[PDB]
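A single chain, nothing else alongside it, follows as structure tokens in the form deposited in one PDB entry.
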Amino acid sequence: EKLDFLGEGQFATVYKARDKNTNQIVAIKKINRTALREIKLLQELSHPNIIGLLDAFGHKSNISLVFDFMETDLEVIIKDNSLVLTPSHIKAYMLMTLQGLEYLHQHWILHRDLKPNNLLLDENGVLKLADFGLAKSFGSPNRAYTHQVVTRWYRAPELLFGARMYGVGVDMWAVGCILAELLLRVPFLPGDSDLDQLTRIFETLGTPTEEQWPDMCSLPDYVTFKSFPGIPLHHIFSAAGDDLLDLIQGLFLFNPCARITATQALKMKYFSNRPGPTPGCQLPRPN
């Protein structure tokens, strides 16, 4: 049962609803084997910080995916919302994202499409991860009708240099970008193009030596960069403490293996150190 239009999305119209009898309030997403597999998986998954797929239904010409409804996403919190202000809140979000991600990884799944608007928050400030992209998005491809800027601003360098093999590091990089967005309140690396995006990565983070990233060059789309010295994280992130700086550190290591994993991240001082995560209805909502 329809109840409201919520927004257009890269690859879906999204509609608030109390689903046929289903009294839970719900968001339906409107748009071939692999896609069916992805649907039944996200479905089979079960984790406090992973979005709930509740049904899919549809006859070839349309698919509709049913997720429990979320107040907002982490973008609207970052975004313009100067009402909202984030300290040590930031710890909570990361705590969740990583746990959410740790689970995903443990379950041999890369969320391949993290960005602030796929880290959703429910009424009670539980952060859940959005559908791992393809689970709609590119899975079943016909694009919506939408405006709104598009966002490759979280691609790891390995994907921008067109690695046709990737892993956890892909997600961990995006998390790094999110953690940045949070602290910076602007997009950390807002590139116009993959190439521009690689520029902003390198002039911010430094150009990686072969010592830092090995195998960096034989990357399919690799093309040579001025050798930028990069800005010391503490100069990018004044707000940041050393413990957090150390997590930003690991998430942005260039070499996808050196790059921190969601578990390893989680075990870092940041998440045990003293300004603990804000309990999360203490976690601020936008209007």
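All residue numbers refer to positions in the sequence shown, first residue = 1. Only the largest set of C-alpha atoms that superpose within 1.5 Å between the two forms is called the rigid core.
Keep in mind the form deposited in another entry is missing from the figure; the text below concerns it.
Residue showing a CA shift of 2 Å or more between this form and the one not shown (rigid core superposed; candidates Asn117, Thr207, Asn81, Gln197): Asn81. In this overlay on the rigid core, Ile39 has a C-alpha that sits 2 Å or more away from its partner position between this form and the one not shown.
With the core held fixed, the Cα of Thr278 is displaced between this form and the one not shown by less than 2 Å. Comparing the forms between this form and the one not shown, the C-alpha position of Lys20 differs by 2 angstroms or more, with the core used for superposition. The pair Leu85 and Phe271 is at least 3 angstroms closer at the CA level in that other deposited form than in the present model. Relative to this conformation, a decrease of 3 Å or more in the Cα-Cα distance between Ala92 and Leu83 is found in that other deposited form.
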